[PDB]
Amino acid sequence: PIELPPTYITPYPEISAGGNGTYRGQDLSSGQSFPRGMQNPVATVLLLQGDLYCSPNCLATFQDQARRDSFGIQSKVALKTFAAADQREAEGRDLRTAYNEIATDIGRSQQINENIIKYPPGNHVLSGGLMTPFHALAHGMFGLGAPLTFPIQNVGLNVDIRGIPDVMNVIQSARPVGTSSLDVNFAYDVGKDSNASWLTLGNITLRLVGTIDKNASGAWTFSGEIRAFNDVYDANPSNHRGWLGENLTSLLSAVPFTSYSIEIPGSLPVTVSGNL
């Protein structure tokens, strides 16, 4: 979730409210390639697959598409569609609606090539939902190296301080009956809490900052925040092997890619007690 600053600046400017030029690209010659009333069949396909791609069958369906055209035009356009959709989800839009709106616009495109949907590499933001992994994947191929943002609130963390023993170690260490600082960082397998987001981030480093306070003897309340250090998406497709499969990994290994920075801003407040 996380609202998003009032003045965030979408990467897919709305152009004319509703989809009209929003997604989809400049042309060449000549406005032909199939009759003029007809919807671009690449879009038709996307619309036929919307029930599947916007659900937990997404991966399976995509794998099948990749295999059928060898990561060709249909497959690329679908993948760029997932990013735009996932982005829109990050800006607060319902995913399936965004998806349709996107596909309908591609549908107005009169060419049949892999760039009939724009992938503007600017300001991308991962949503944390169903298509985030594909957005990050998208980005590694179409993003020309640009860093992008995956707000800490969208990762699905759910950090129990009490069972990270390095942290607790530090907490239990002589102190007054009041203040005392704690600022410690530590590795964390986003997989403890979310396997989707693990697909995109793997391990990250988190950081804990706050104080702790002691009562009667006694226990202690730490209240403070968690924050995250920027992670680096290694876009070499052999790192997605286990997730994407033999066929797709192989096809993707032909395609150029560039790793990029993922910034993870924000606070996750935390409060805890414990003892001895």
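All residue numbers are counted from 1 along the displayed sequence.
The mean Cα B-factor in the deposited entry runs higher for 226 to 234 than for the other of 61 to 69 and 226 to 234. For the pair 141 to 149 and 178 to 186, the mean Cα B-factor is higher in 178 to 186. Of all the options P56, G242, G50, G37, the entry's greatest CA B-factor is assigned to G37.
Annotation for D166: C-alpha temperature factor in the highest third relative to the rest of the modelled chain, per the entry. The PDB entry assigns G202 a C-alpha temperature factor belonging to the lowest third of its chain's modelled residues. Among all modelled residues in this chain, the alpha-carbon of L248 has a temperature factor (C-alpha) in the lowest third. When all modelled residues of the chain are sorted by CA temperature factor, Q172 is found within the highest third. Sort the modelled residues of the chain by CA B factor and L28 lands in the highest third.
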